[PDB]
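The file data-v5.pdb contains PDB, C-alpha atoms:
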```pdb
ATOM      1  CA  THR A  13      12.645 -31.200  16.015
ATOM      2  CA  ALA A  14      11.391 -27.823  17.264
ATOM      3  CA  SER A  15      12.436 -25.945  14.152
ATOM      4  CA  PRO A  16      11.934 -22.188  14.652
ATOM      5  CA  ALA A  17      11.495 -21.726  10.906
ATOM      6  CA  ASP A  18       8.200 -23.612  11.226
ATOM      7  CA  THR A  19       7.029 -21.682  14.285
ATOM      8  CA  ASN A  20       8.074 -18.049  13.807
ATOM      9  CA  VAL A  21       6.549 -17.518  10.364
ATOM     10  CA  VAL A  22       5.422 -13.912   9.897
ATOM     11  CA  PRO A  23       4.888 -11.703   6.848
ATOM     12  CA  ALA A  24       8.120 -10.309   5.471
ATOM     13  CA  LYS A  25       8.820  -6.610   5.072
ATOM     14  CA  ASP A  26       7.144  -4.937   2.090
ATOM     15  CA  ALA A  27       4.955  -8.034   1.805
ATOM     16  CA  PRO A  28       1.770  -6.510   0.313
ATOM     17  CA  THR A  29       3.458  -5.215  -2.836
ATOM     18  CA  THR A  30       6.870  -6.880  -3.179
ATOM     19  CA  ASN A  31       6.108  -8.939  -6.283
ATOM     20  CA  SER A  32       4.646  -6.072  -8.304
ATOM     21  CA  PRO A  33       6.398  -5.787 -11.679
ATOM     22  CA  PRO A  34       7.388  -2.319 -12.897
ATOM     23  CA  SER A  35       4.723  -1.277 -15.396
ATOM     24  CA  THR A  36       2.190   1.441 -16.100
ATOM     25  CA  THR A  37      -0.490  -0.387 -18.089
ATOM     26  CA  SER A  38      -2.521  -2.330 -15.503
ATOM     27  CA  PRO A  39      -0.341  -2.447 -12.397
ATOM     28  CA  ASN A  40      -2.927  -3.967 -10.079
ATOM     29  CA  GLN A  41      -3.830  -6.858 -12.371
ATOM     30  CA  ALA A  42      -0.173  -7.429 -13.200
ATOM     31  CA  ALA A  43       0.753  -7.448  -9.522
ATOM     32  CA  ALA A  44      -2.077  -9.873  -8.800
ATOM     33  CA  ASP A  45      -0.852 -12.223 -11.513
ATOM     34  CA  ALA A  46       2.711 -12.008 -10.204
ATOM     35  CA  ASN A  47       1.549 -12.973  -6.718
ATOM     36  CA  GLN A  48      -0.408 -15.903  -8.124
ATOM     37  CA  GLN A  49       2.515 -17.155 -10.193
ATOM     38  CA  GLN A  50       4.958 -16.503  -7.357
ATOM     39  CA  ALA A  51       2.882 -18.594  -4.957
ATOM     40  CA  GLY A  52       3.343 -21.623  -7.221
ATOM     41  CA  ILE A  53      -0.269 -21.732  -8.406
ATOM     42  CA  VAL A  54      -0.683 -22.323 -12.136
ATOM     43  CA  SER A  55      -3.521 -20.690 -14.053
ATOM     44  CA  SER A  56      -4.797 -24.026 -15.367
ATOM     45  CA  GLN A  57      -5.573 -25.033 -11.771
ATOM     46  CA  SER A  58      -6.920 -21.724 -10.444
ATOM     47  CA  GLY A  59      -9.515 -21.608 -13.219
ATOM     48  CA  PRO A  60     -11.957 -18.696 -13.205
ATOM     49  CA  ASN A  61     -10.470 -17.263 -10.004
ATOM     50  CA  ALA A  62      -7.600 -15.660 -11.933
ATOM     51  CA  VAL A  63      -9.498 -13.346 -14.270
ATOM     52  CA  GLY A  64     -10.854 -10.427 -12.253
ATOM     53  CA  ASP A  65      -8.550 -10.176  -9.263
ATOM     54  CA  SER A  66      -6.208  -7.268  -8.575
ATOM     55  CA  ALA A  67      -3.541  -6.547  -5.973
ATOM     56  CA  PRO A  68      -1.662  -3.487  -4.699
ATOM     57  CA  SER A  69       1.388  -2.389  -6.660
ATOM     58  CA  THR A  70       4.270   0.014  -6.184
ATOM     59  CA  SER A  71       3.458   1.739  -9.474
ATOM     60  CA  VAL A  72       0.229   3.038  -7.897
ATOM     61  CA  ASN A  73       0.323   6.123  -5.698
ATOM     62  CA  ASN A  74      -1.499   6.290  -2.383
ATOM     63  CA  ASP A  75      -3.674   8.968  -3.973
ATOM     64  CA  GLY A  76      -4.478   6.489  -6.738
ATOM     65  CA  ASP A  77      -2.192   7.626  -9.546
ATOM     66  CA  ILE A  78       0.302   5.918 -11.835
ATOM     67  CA  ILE A  79       3.774   6.795 -10.561
ATOM     68  CA  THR A  80       7.127   6.013 -12.144
ATOM     69  CA  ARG A  81       9.454   7.295  -9.402
ATOM     70  CA  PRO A  82       9.316   7.741  -5.619
ATOM     71  CA  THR A  83       6.888  10.473  -4.660
ATOM     72  CA  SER A  84       9.579  12.556  -2.961
ATOM     73  CA  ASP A  85      11.334  12.906  -6.309
ATOM     74  CA  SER A  86       8.078  14.091  -7.857
ATOM     75  CA  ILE A  87       7.922  16.720  -5.122
ATOM     76  CA  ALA A  88      11.568  17.529  -5.779
ATOM     77  CA  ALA A  89      10.960  17.801  -9.519
ATOM     78  CA  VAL A  90       8.200  20.390  -9.226
ATOM     79  CA  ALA A  91      10.155  22.298  -6.585
ATOM     80  CA  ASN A  92      13.254  22.503  -8.767
ATOM     81  CA  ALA A  93      11.189  23.759 -11.706
ATOM     82  CA  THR A  94      10.668  27.079  -9.873
ATOM     83  CA  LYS A  95      13.810  28.668  -8.421
ATOM     84  CA  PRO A  96      14.203  32.342  -9.326
ATOM     85  CA  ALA A  97      17.697  33.756  -9.063
ATOM     86  CA  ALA A  98      18.350  35.188  -5.617
ATOM     87  CA  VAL A  99      20.711  37.981  -6.704
ATOM     88  CA  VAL A 100      20.307  39.550 -10.130
ATOM     89  CA  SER A 101      22.405  42.180 -11.896
ATOM     90  CA  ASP A 102      20.581  45.228 -13.218
ATOM     91  CA  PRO A 103      21.988  48.720 -13.793
ATOM     92  CA  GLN A 104      19.400  50.472 -11.609
ATOM     93  CA  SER A 105      19.968  49.009  -8.164
ATOM     94  CA  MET A 106      20.965  51.833  -5.746
TER      95      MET A 106
ATOM     96  CA  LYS B 275      15.294  17.832   6.922
ATOM     97  CA  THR B 276      13.888  14.498   8.064
ATOM     98  CA  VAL B 277      10.991  14.404   5.588
ATOM     99  CA  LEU B 278       9.654  16.273   2.569
ATOM    100  CA  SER B 279      13.009  17.990   2.092
ATOM    101  CA  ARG B 280      15.392  15.553   0.429
ATOM    102  CA  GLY B 281      16.083  16.362  -3.201
ATOM    103  CA  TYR B 282      15.296  20.054  -3.539
ATOM    104  CA  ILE B 283      16.205  21.845  -0.313
ATOM    105  CA  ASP B 284      19.563  23.556  -0.182
ATOM    106  CA  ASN B 285      22.226  22.224   2.156
ATOM    107  CA  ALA B 286      21.788  25.385   4.260
ATOM    108  CA  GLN B 287      18.016  25.955   4.044
ATOM    109  CA  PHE B 288      14.940  24.639   5.797
ATOM    110  CA  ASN B 289      11.412  24.673   4.420
ATOM    111  CA  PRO B 290       9.116  26.631   6.761
ATOM    112  CA  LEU B 291       6.042  24.941   5.297
ATOM    113  CA  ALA B 292       7.161  21.527   6.594
ATOM    114  CA  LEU B 293       8.279  22.782   9.997
ATOM    115  CA  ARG B 294       5.698  21.076  12.199
ATOM    116  CA  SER B 295       6.241  17.603  10.779
ATOM    117  CA  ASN B 296      10.023  17.958  10.883
ATOM    118  CA  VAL B 297       9.901  19.146  14.488
ATOM    119  CA  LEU B 298       7.465  16.359  15.302
ATOM    120  CA  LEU B 299       9.765  13.661  13.953
ATOM    121  CA  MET B 300      12.783  15.278  15.595
ATOM    122  CA  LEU B 301      11.091  15.053  18.981
ATOM    123  CA  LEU B 302      10.073  11.467  18.256
ATOM    124  CA  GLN B 303      13.688  10.494  17.642
ATOM    125  CA  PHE B 304      14.629  12.385  20.788
ATOM    126  CA  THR B 305      12.028  10.358  22.669
ATOM    127  CA  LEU B 306      13.069   6.993  21.257
ATOM    128  CA  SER B 307      16.744   7.672  21.913
ATOM    129  CA  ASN B 308      16.166   7.801  25.679
ATOM    130  CA  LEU B 309      14.138   4.593  26.104
ATOM    131  CA  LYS B 310      16.451   2.814  28.521
ATOM    132  CA  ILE B 311      16.573   1.680  32.132
ATOM    133  CA  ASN B 312      18.244   3.629  34.942
ATOM    134  CA  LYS B 313      20.630   1.047  36.360
ATOM    135  CA  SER B 314      22.061   1.353  39.867
ATOM    136  CA  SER B 315      25.820   1.643  40.339
ATOM    137  CA  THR B 316      28.173   1.176  43.280
ATOM    138  CA  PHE B 317      28.491   3.760  46.043
ATOM    139  CA  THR B 318      31.088   5.360  48.283
ATOM    140  CA  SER B 319      30.825   7.298  51.527
ATOM    141  CA  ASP B 320      31.782  10.964  51.409
ATOM    142  CA  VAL B 321      33.947  12.529  54.105
ATOM    143  CA  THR B 322      34.608  15.865  52.382
ATOM    144  CA  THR B 323      33.591  18.737  54.672
ATOM    145  CA  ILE B 324      29.932  19.733  54.611
TER     146      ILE B 324
ATOM    147  CA  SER C 127      29.345 -38.445  38.576
ATOM    148  CA  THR C 128      31.404 -36.384  41.044
ATOM    149  CA  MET C 129      30.389 -33.968  43.771
ATOM    150  CA  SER C 130      32.773 -31.416  42.277
ATOM    151  CA  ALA C 131      30.988 -31.432  38.921
ATOM    152  CA  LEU C 132      27.590 -30.991  40.548
ATOM    153  CA  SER C 133      28.941 -28.152  42.681
ATOM    154  CA  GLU C 134      30.120 -26.263  39.608
ATOM    155  CA  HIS C 135      26.788 -26.835  37.873
ATOM    156  CA  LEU C 136      25.046 -25.098  40.767
ATOM    157  CA  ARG C 137      27.815 -22.496  40.880
ATOM    158  CA  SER C 138      27.091 -21.635  37.233
ATOM    159  CA  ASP C 139      23.487 -22.427  36.312
ATOM    160  CA  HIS C 140      21.726 -21.945  39.643
ATOM    161  CA  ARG C 141      23.176 -18.831  41.273
ATOM    162  CA  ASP C 142      20.760 -15.983  40.644
ATOM    163  CA  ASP C 143      21.625 -12.885  42.678
ATOM    164  CA  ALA C 144      25.310 -13.268  41.775
ATOM    165  CA  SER C 145      27.055 -10.648  39.623
ATOM    166  CA  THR C 146      24.149  -8.233  39.975
ATOM    167  CA  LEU C 147      25.778  -4.803  40.261
ATOM    168  CA  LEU C 148      27.021  -4.486  36.677
ATOM    169  CA  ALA C 149      25.712  -3.931  33.170
ATOM    170  CA  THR C 150      24.350  -7.236  31.875
ATOM    171  CA  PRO C 151      23.462  -7.600  28.174
ATOM    172  CA  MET C 152      23.312 -11.408  28.059
ATOM    173  CA  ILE C 153      19.553 -11.647  28.590
ATOM    174  CA  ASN C 154      18.378 -15.028  27.325
ATOM    175  CA  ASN C 155      14.893 -16.273  26.496
ATOM    176  CA  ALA C 156      12.341 -17.392  29.068
ATOM    177  CA  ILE C 157      12.809 -21.145  28.653
ATOM    178  CA  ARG C 158      16.324 -22.495  28.914
ATOM    179  CA  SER C 159      15.627 -26.232  28.872
ATOM    180  CA  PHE C 160      13.194 -29.003  29.723
ATOM    181  CA  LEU C 161      13.770 -32.499  31.069
ATOM    182  CA  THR C 162      11.474 -35.383  30.207
ATOM    183  CA  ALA C 163      11.064 -37.596  33.258
ATOM    184  CA  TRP C 164       9.953 -40.776  31.507
ATOM    185  CA  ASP C 165      13.200 -41.046  29.536
ATOM    186  CA  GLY C 166      15.594 -38.588  31.171
ATOM    187  CA  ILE C 167      16.438 -36.738  27.956
ATOM    188  CA  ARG C 168      16.963 -32.987  28.227
ATOM    189  CA  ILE C 169      15.697 -30.619  25.536
ATOM    190  CA  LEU C 170      17.423 -27.283  25.010
ATOM    191  CA  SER C 171      15.494 -24.303  23.724
ATOM    192  CA  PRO C 172      16.524 -23.386  20.166
ATOM    193  CA  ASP C 173      18.440 -20.137  19.785
ATOM    194  CA  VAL C 174      17.426 -17.964  16.839
ATOM    195  CA  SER C 175      20.429 -16.352  15.163
ATOM    196  CA  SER C 176      20.769 -14.986  11.658
ATOM    197  CA  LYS C 177      22.960 -17.793  10.302
ATOM    198  CA  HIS C 178      19.572 -19.001   9.049
ATOM    199  CA  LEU C 179      16.591 -16.844   8.103
ATOM    200  CA  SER C 180      15.226 -19.339   5.593
ATOM    201  CA  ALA C 181      11.551 -18.460   5.649
ATOM    202  CA  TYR C 182       9.460 -20.064   2.927
ATOM    203  CA  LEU C 183       8.317 -17.639   0.205
ATOM    204  CA  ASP C 184       7.554 -14.014   1.152
ATOM    205  CA  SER C 185       7.824 -14.439   4.900
ATOM    206  CA  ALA C 186      10.320 -13.938   7.701
ATOM    207  CA  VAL C 187      11.298 -15.511  11.005
ATOM    208  CA  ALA C 188      10.107 -13.341  13.872
ATOM    209  CA  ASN C 189      12.604 -12.179  16.487
ATOM    210  CA  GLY C 190      12.152 -10.627  19.898
ATOM    211  CA  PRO C 191      12.458  -6.867  20.270
ATOM    212  CA  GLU C 192      15.458  -5.494  22.127
ATOM    213  CA  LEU C 193      13.793  -4.533  25.399
ATOM    214  CA  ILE C 194      16.434  -4.684  28.139
ATOM    215  CA  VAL C 195      18.670  -1.634  27.666
ATOM    216  CA  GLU C 196      20.233  -0.042  30.732
ATOM    217  CA  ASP C 197      22.349   2.999  31.537
ATOM    218  CA  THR C 198      24.655   3.786  34.438
ATOM    219  CA  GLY C 199      25.685   7.328  33.522
ATOM    220  CA  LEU C 200      23.626  10.448  34.204
ATOM    221  CA  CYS C 201      19.952  10.530  33.231
ATOM    222  CA  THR C 202      20.165  13.665  31.135
ATOM    223  CA  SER C 203      20.212  14.807  27.535
ATOM    224  CA  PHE C 204      20.879  18.544  27.916
ATOM    225  CA  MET C 205      24.435  19.781  28.318
ATOM    226  CA  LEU C 206      25.962  22.899  29.835
ATOM    227  CA  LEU C 207      28.816  24.424  27.875
ATOM    228  CA  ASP C 208      30.699  27.670  27.383
ATOM    229  CA  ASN C 209      29.845  28.933  23.918
ATOM    230  CA  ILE C 210      32.481  31.682  24.127
ATOM    231  CA  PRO C 211      35.787  31.083  25.952
ATOM    232  CA  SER C 212      36.791  33.170  28.937
ATOM    233  CA  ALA C 213      39.356  35.976  28.917
ATOM    234  CA  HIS C 214      41.795  34.030  31.143
ATOM    235  CA  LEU C 215      41.678  36.187  34.241
ATOM    236  CA  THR C 216      43.960  35.880  37.241
ATOM    237  CA  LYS C 217      42.835  33.221  39.688
ATOM    238  CA  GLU C 218      43.388  34.987  43.062
ATOM    239  CA  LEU C 219      42.657  31.692  44.891
ATOM    240  CA  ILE C 220      44.070  28.243  44.200
ATOM    241  CA  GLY C 221      42.466  25.469  46.208
ATOM    242  CA  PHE C 222      42.150  23.561  49.443
ATOM    243  CA  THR C 223      45.091  22.691  51.665
ATOM    244  CA  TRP C 224      45.376  19.603  53.871
ATOM    245  CA  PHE C 225      48.349  19.873  56.207
TER     246      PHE C 225
ATOM    247  CA  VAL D1067      16.491  50.041   4.635
ATOM    248  CA  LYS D1068      20.248  50.503   4.905
ATOM    249  CA  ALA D1069      19.672  54.227   4.715
ATOM    250  CA  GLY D1070      17.606  55.613   7.552
ATOM    251  CA  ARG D1071      14.426  55.799   5.483
ATOM    252  CA  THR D1072      12.609  52.446   5.594
ATOM    253  CA  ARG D1073      11.687  50.020   8.369
ATOM    254  CA  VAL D1074      10.647  46.445   7.629
ATOM    255  CA  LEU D1075       8.688  43.940   9.708
ATOM    256  CA  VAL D1076       8.875  40.364   8.428
ATOM    257  CA  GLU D1077       6.180  37.986   9.661
ATOM    258  CA  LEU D1078       7.655  34.612  10.588
ATOM    259  CA  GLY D1079       5.647  32.196  12.671
ATOM    260  CA  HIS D1080       8.721  30.366  13.901
ATOM    261  CA  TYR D1081      12.204  29.949  12.512
ATOM    262  CA  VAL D1082      15.659  28.534  13.094
ATOM    263  CA  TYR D1083      18.065  31.205  14.299
ATOM    264  CA  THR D1084      21.829  31.485  14.503
ATOM    265  CA  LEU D1085      23.933  34.210  16.054
ATOM    266  CA  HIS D1086      27.422  35.688  16.005
ATOM    267  CA  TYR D1087      29.453  37.220  18.809
ATOM    268  CA  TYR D1088      31.567  40.281  18.086
ATOM    269  CA  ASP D1089      34.051  42.423  19.971
ATOM    270  CA  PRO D1090      32.634  45.614  21.528
ATOM    271  CA  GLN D1091      35.855  47.513  20.786
ATOM    272  CA  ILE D1092      35.734  46.982  17.006
ATOM    273  CA  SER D1093      33.623  49.169  14.756
ATOM    274  CA  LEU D1094      31.809  47.357  11.969
ATOM    275  CA  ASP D1095      28.783  47.373   9.695
ATOM    276  CA  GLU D1096      26.699  44.204   9.859
ATOM    277  CA  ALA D1097      25.085  44.723   6.449
ATOM    278  CA  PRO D1098      27.147  42.019   4.652
ATOM    279  CA  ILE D1099      25.856  39.305   6.981
ATOM    280  CA  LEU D1100      22.254  40.165   6.157
ATOM    281  CA  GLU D1101      22.966  40.558   2.452
ATOM    282  CA  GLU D1102      24.485  37.097   2.599
ATOM    283  CA  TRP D1103      21.371  35.863   4.388
ATOM    284  CA  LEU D1104      19.182  37.437   1.719
ATOM    285  CA  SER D1105      21.261  35.759  -0.974
ATOM    286  CA  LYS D1106      20.063  32.256  -0.036
ATOM    287  CA  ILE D1107      16.307  32.772   0.220
ATOM    288  CA  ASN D1108      14.092  31.164  -2.406
ATOM    289  CA  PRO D1109      10.470  29.983  -2.674
ATOM    290  CA  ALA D1110      11.577  26.575  -1.380
ATOM    291  CA  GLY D1111      13.320  27.459   1.879
ATOM    292  CA  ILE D1112      15.384  29.924   3.863
ATOM    293  CA  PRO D1113      18.652  29.764   5.809
ATOM    294  CA  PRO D1114      18.721  30.379   9.569
ATOM    295  CA  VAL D1115      18.214  33.970  10.647
ATOM    296  CA  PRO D1116      21.504  35.577  11.757
TER     297      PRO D1116
END
```
For the structure just supplied, provide its representation as structure tokens.
Amino acid sequence: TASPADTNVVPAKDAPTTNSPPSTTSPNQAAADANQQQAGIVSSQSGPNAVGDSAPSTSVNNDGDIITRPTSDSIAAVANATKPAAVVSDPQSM
Amino acid sequence: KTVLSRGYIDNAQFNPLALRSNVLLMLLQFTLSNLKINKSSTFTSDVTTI
Amino acid sequence: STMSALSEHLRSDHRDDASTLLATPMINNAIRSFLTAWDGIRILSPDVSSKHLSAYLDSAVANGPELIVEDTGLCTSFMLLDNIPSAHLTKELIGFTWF
Amino acid sequence: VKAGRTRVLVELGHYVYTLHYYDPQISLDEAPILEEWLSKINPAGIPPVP
């Protein structure tokens, strides 16, 4: 009778962007389409509402850039690109 | 090394440029870890000298 | 049906200050049950446990936060310790004597 | 610096420090510890100051 599943419905974790497919071309439109198809709506019934919409995607950075890996790794990548040797061997060292 | 350190920092280094945030989160965890109630226990009567 | 059974029911479900001075994790929800007078049927509150989390689509079943956490030790988080051991000096005095 | 000719002041806002305890009756030169500490500094981070 008093089914909790019908009373305690709340958005799941990572809800706003979970369905976003991994792509770089048009992530927001692609994510929007994925949400629409995931929700069970078919394009033939949504009509004109499906053409211009866009939704948040994981491929888009908070700054508004196309990202292909977690931002920490991007930070790690640039950091690792610059690591001069701590101790070097040269004849004139005192 | 809570944030902005994983991936590039050495196992024995800390990044001075991220110090404030790391300290901030460290204190936050310290704060959260203590969120509990001070229960009352049983008692005994002391008879030892002073 | 029997006075004994009723006595135990009170001795279990309706003693409130009993077993107070100990750590108690079994905090239940607010509502335990309801009784409908017109028919006499009792309704028990559902208990949410993770054997089912079958939310429809991208949703979840909400659960209550773990609020009641209690401690009986010492309210402290800083410790006193000897970083460097002693040199093991002579004691010169042992302890108390009682007769 | 190791010779008595140069004195260095390093500006650190704040830093993580570690320390060692030695025996007063044993002569030693503490240069290797520092040279080790120098050996792990890079533009990304530093080890604790000894």
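Here CA of residue 19 (chain A) stands at a distance of 12.8 Å from CA of residue 173 (chain C).
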Subject >> Resolved residues for the PyMOL selection byres ((chain D) within 9 of (chain B)) as a list in words >> reply: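 Evaluating the PyMOL selection byres ((chain D) within 9 of (chain B)) on this file yields residues 1078, 1079, 1080, 1081, 1082, 1106, 1107, 1109, 1110, 1111, 1112, 1113 and 1114 of chain D.
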Output for the residues just chosen: C-alpha atoms as a tab-separated table (two decimals), in the frame of the given file:
```tsv
chain	number	residue	atom	x	y	z
D	1078	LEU	CA	7.66	34.61	10.59
D	1079	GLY	CA	5.65	32.20	12.67
D	1080	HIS	CA	8.72	30.37	13.90
D	1081	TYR	CA	12.20	29.95	12.51
D	1082	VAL	CA	15.66	28.53	13.09
D	1106	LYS	CA	20.06	32.26	-0.04
D	1107	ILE	CA	16.31	32.77	0.22
D	1109	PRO	CA	10.47	29.98	-2.67
D	1110	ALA	CA	11.58	26.58	-1.38
D	1111	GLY	CA	13.32	27.46	1.88
D	1112	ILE	CA	15.38	29.92	3.86
D	1113	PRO	CA	18.65	29.76	5.81
D	1114	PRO	CA	18.72	30.38	9.57
```
**OP:** Hey, list the chain A side of the contact with chain D: 10 Å cut-off, only C-alpha atoms, answer as an NGL selection string.
**Re:** :A and (91-92 or 94-100)
Subject >> Distance-based interface of chain A with chain B, 9 Å, counting all atoms listed in the file, as a list in words >> reply: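 For chain A, the answer reads residues 84, 85, 87, 88, 89, 91 and 92 of chain A.
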Kindly provide the residues of chain C that approach chain A to within 7 Å, each paired with its closest atom pair and their distance in Å to one decimal, based on all atoms listed in the file, listed by chain and increasing number, as a Markdown table.
```
| residue | atom | partner | partner_atom | distance |
| --- | --- | --- | --- | --- |
| C:180 | CA | A:17 | CA | 6.9 |
| C:181 | CA | A:17 | CA | 6.2 |
| C:184 | CA | A:24 | CA | 5.7 |
| C:185 | CA | A:24 | CA | 4.2 |
| C:186 | CA | A:24 | CA | 4.8 |
| C:187 | CA | A:20 | CA | 5.0 |
| C:188 | CA | A:20 | CA | 5.1 |
```
Using the block above, I'd like region 14-32 of chain A written out, keeping N, CA, C and O atoms and formatting it as a CSV table (one decimal), in the first residue's frame.
```
chain,number,residue,atom,x,y,z
A,14,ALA,N,1.4,1.6,1.2
A,14,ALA,CA,2.2,2.8,1.3
A,14,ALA,C,3.7,2.5,0.8
A,14,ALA,O,4.6,2.3,1.6
A,15,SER,N,3.8,2.4,-0.5
A,15,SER,CA,5.1,2.0,-1.0
A,15,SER,C,6.0,3.2,-0.9
A,15,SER,O,5.8,4.3,-1.4
A,16,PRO,N,7.2,3.0,-0.3
A,16,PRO,CA,8.1,4.2,-0.2
A,16,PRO,C,8.7,4.6,-1.5
A,16,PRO,O,9.0,5.8,-1.7
A,17,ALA,N,8.8,3.6,-2.4
A,17,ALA,CA,9.3,4.0,-3.8
A,17,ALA,C,8.5,5.0,-4.5
A,17,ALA,O,9.0,5.7,-5.4
A,18,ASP,N,7.2,5.2,-4.1
A,18,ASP,CA,6.4,6.1,-4.7
A,18,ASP,C,6.2,7.4,-3.8
A,18,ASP,O,5.4,8.2,-4.1
A,19,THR,N,7.0,7.5,-2.8
A,19,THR,CA,6.9,8.6,-1.9
A,19,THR,C,8.2,9.3,-1.6
A,19,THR,O,8.2,10.5,-1.4
A,20,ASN,N,9.3,8.6,-1.7
A,20,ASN,CA,10.6,9.1,-1.5
A,20,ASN,C,11.4,9.4,-2.8
A,20,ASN,O,12.6,9.3,-2.8
A,21,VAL,N,10.7,9.8,-3.8
A,21,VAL,CA,11.4,10.0,-5.1
A,21,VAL,C,12.2,11.3,-5.0
A,21,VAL,O,11.6,12.4,-4.8
A,22,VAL,N,13.5,11.2,-5.3
A,22,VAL,CA,14.3,12.4,-5.3
A,22,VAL,C,15.3,12.2,-6.5
A,22,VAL,O,15.6,11.1,-6.9
A,23,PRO,N,15.9,13.3,-7.0
A,23,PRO,CA,16.9,13.2,-8.0
A,23,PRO,C,18.1,12.4,-7.6
A,23,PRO,O,18.6,12.5,-6.5
A,24,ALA,N,18.5,11.5,-8.5
A,24,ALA,CA,19.7,10.7,-8.2
A,24,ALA,C,21.0,11.5,-8.2
A,24,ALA,O,21.0,12.6,-8.7
A,25,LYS,N,22.0,10.9,-7.8
A,25,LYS,CA,23.3,11.5,-7.8
A,25,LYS,C,23.8,11.7,-9.3
A,25,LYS,O,23.5,10.9,-10.1
A,26,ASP,N,24.5,12.8,-9.5
A,26,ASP,CA,25.0,13.1,-10.9
A,26,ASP,C,23.8,13.2,-11.9
A,26,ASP,O,24.0,13.0,-13.1
A,27,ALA,N,22.6,13.6,-11.4
A,27,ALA,CA,21.5,13.7,-12.2
A,27,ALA,C,21.6,14.6,-13.4
A,27,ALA,O,21.3,14.2,-14.6
A,28,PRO,N,22.1,15.8,-13.3
A,28,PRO,CA,22.0,16.8,-14.4
A,28,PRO,C,22.8,16.4,-15.6
A,28,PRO,O,22.5,17.0,-16.7
A,29,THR,N,23.8,15.5,-15.5
A,29,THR,CA,24.6,15.2,-16.7
A,29,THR,C,24.9,13.7,-16.9
A,29,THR,O,25.8,13.4,-17.7
A,30,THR,N,24.1,12.9,-16.2
A,30,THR,CA,24.5,11.4,-16.2
A,30,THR,C,24.4,10.8,-17.6
A,30,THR,O,25.2,10.0,-18.0
A,31,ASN,N,23.4,11.3,-18.4
A,31,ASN,CA,23.1,10.6,-19.7
A,31,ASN,C,24.0,11.1,-20.8
A,31,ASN,O,23.9,10.6,-21.9
A,32,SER,N,24.9,12.1,-20.5
A,32,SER,CA,25.7,12.7,-21.6
A,32,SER,C,26.6,11.7,-22.3
A,32,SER,O,27.4,11.1,-21.6
```
